[PDB]
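Right, one structure below, let's go through it.
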Amino acid sequence: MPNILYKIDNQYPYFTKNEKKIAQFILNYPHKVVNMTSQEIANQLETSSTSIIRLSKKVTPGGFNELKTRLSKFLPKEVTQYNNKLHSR
Amino acid sequence: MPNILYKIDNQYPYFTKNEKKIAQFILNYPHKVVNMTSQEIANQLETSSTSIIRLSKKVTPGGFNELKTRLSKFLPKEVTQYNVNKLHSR
Ligand SMILES: [Cl-]
Ligand SMILES: [Cl-]
Ligand code: NA
Ligand code: NI
Ligand code: NI
């Protein structure tokens with residue numbers, strides 16, 4: 001079974017300085033990322049939205065939407081009824 | 001300021017299967033947790049009280065009781081006097 005965080009962690013050392021900044025953010029704040037727009041991430045990291053998109057496409061074919069989808073699989077499931085579902089994105 | 005739920009949410013993906021079970025319960029039922037013992041949580045989750053204590057110490061140095069103290073800061077405050085608030089109990 002694939003694991004996007006495993007991939008990013010192990011590819012990380014060969015990324016550019018800017019790619020590393022974005023990747024480290026993803027690895028360190030994977031929960032926060034899934035409910036952020038690319039523009040929001042860019043402002044937080046003092047980079048461009050485009051850069052967030054390009055690194056997303058580098059690590060997964062479907063880019064930013066797919067990165068968030070994939071991340072969400074490794075986040076906590078949410079309670080459906082308080083007497084479970086995939087984490088939101 | 002620090003936020004223990006923020007920490008657990010963002011560390012969660014790298015935890016072991018058992019740690020994730022415990023952490024998901026804390027994240028999903030944080031109010032329920034503050035008035036449970038580690039043995040009660042263990043029985044709910046079909047795991048060991050020691051594993052609850054270990055996960056607690058992993059996320060906060062004071063362990064299980066400190067976990068509950070920190071959680072209580074993010075729970076509703078309770079009414080001190082009913083006249084026609086205080087830190088949530090632990
Ligand atoms: Cl690894
Ligand atoms: Cl978060
Ligand atoms: Na970071
Ligand atoms: Ni969440
Ligand atoms: Ni209460």
Side-chain angles (χ1 to χ4, degrees), chain A residues 2-13 20-38 40-45 52 55-56 59-60 62 64-72 74-80 82-88, chain B residues 2-34 36 38 40-48 51-61 64 67-68 70-76 78 88-89:
Chain A
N3 181 316
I4 190 60
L5 295 167
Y6 184 54
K7 177 178 183 173
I8 297 169
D9 253 334
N10 289 103
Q11 293 189 324
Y12 178 99
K20 280 181 174 143
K21 183 166 65 173
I22 300 163
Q24 176 176 291
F25 184 70
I26 295 163
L27 291 163
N28 287 357
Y29 297 94
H31 180 271
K32 193 187 180 175
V33 161
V34 300
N35 277 298
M36 298 175 73
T37 66
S38 61
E40 284 168 340
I41 296 170
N43 287 336
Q44 171 119 64
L45 298 183
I52 308 311
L55 185 62
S56 298
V59 302
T60 197
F64 191 61
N65 163 280
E66 184 171 86
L67 173 65
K68 291 194 287 176
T69 299
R70 288 181 71 178
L71 289 172
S72 295
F74 299 107
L75 295 179
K77 297 184 159 163
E78 291 181 29
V79 179
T80 52
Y82 277 93
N83 299 311
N84 305 159
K85 66 189 207 152
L86 234 283
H87 194 280
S88 72
Chain B
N3 180 317
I4 190 57
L5 295 169
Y6 185 57
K7 180 176 178 173
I8 296 172
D9 254 336
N10 289 102
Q11 293 190 327
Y12 178 96
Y14 310 98
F15 288 169
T16 67
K17 183 181 164 181
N18 191 67
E19 286 170 342
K20 283 183 171 158
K21 180 160 64 173
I22 298 159
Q24 179 179 109
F25 182 74
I26 293 161
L27 291 161
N28 289 355
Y29 298 94
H31 180 271
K32 200 181 169 165
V33 168
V34 297
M36 290 170 84
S38 67
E40 289 169 338
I41 299 176
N43 290 333
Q44 191 98 270
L45 300 176
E46 201 187 77
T47 194
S48 59
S51 74
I52 307 300
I53 290 163
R54 287 190 290 263
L55 182 275
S56 296
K57 287 182 193 168
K58 183 179 161 53
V59 297
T60 199
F64 184 65
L67 171 65
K68 296 190 286 192
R70 294 180 65 177
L71 290 172
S72 72
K73 310 299 183 172
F74 304 105
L75 292 175
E78 301 196 83
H88 196 282
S89 72

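Below, each value reflects all heavy atoms present in this structure, side chains not excepted, and no hydrogens, waters or symmetry copies. In what follows, chains are A, B, ... by sequence order, proteins preceding strands, each numbered from 1.
More than 12 heavy atoms of other residues, nucleotides or ligands shown are found within 6.0 angstrom of NZ on A:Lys7. With a 6.0 Å radius and a threshold of 12 heavy atoms from other residues, nucleotides or ligands, A:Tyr29 has its OH atom at or below the threshold. More than 12 non-hydrogen atoms from other residues, nucleotides or ligands lie less than 6.0 angstrom from NZ of A:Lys21.
You'll find the side chain of A:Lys32 reaches within 4.5 Å of the side chain of B:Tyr6, heavy atoms only.
At least one donor-acceptor pair under 3.5 Å links the side chain of B:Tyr14 to the backbone N or O of A:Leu27.
Closest non-hydrogen pair, B:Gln24 versus A:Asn84, comes out as OE1-OD1, 3.8 Å.
The part of A:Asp9 that comes within reach of chain B is its side chain, from C-beta onward, which places non-hydrogen atoms under 4.5 angstrom from that chain.
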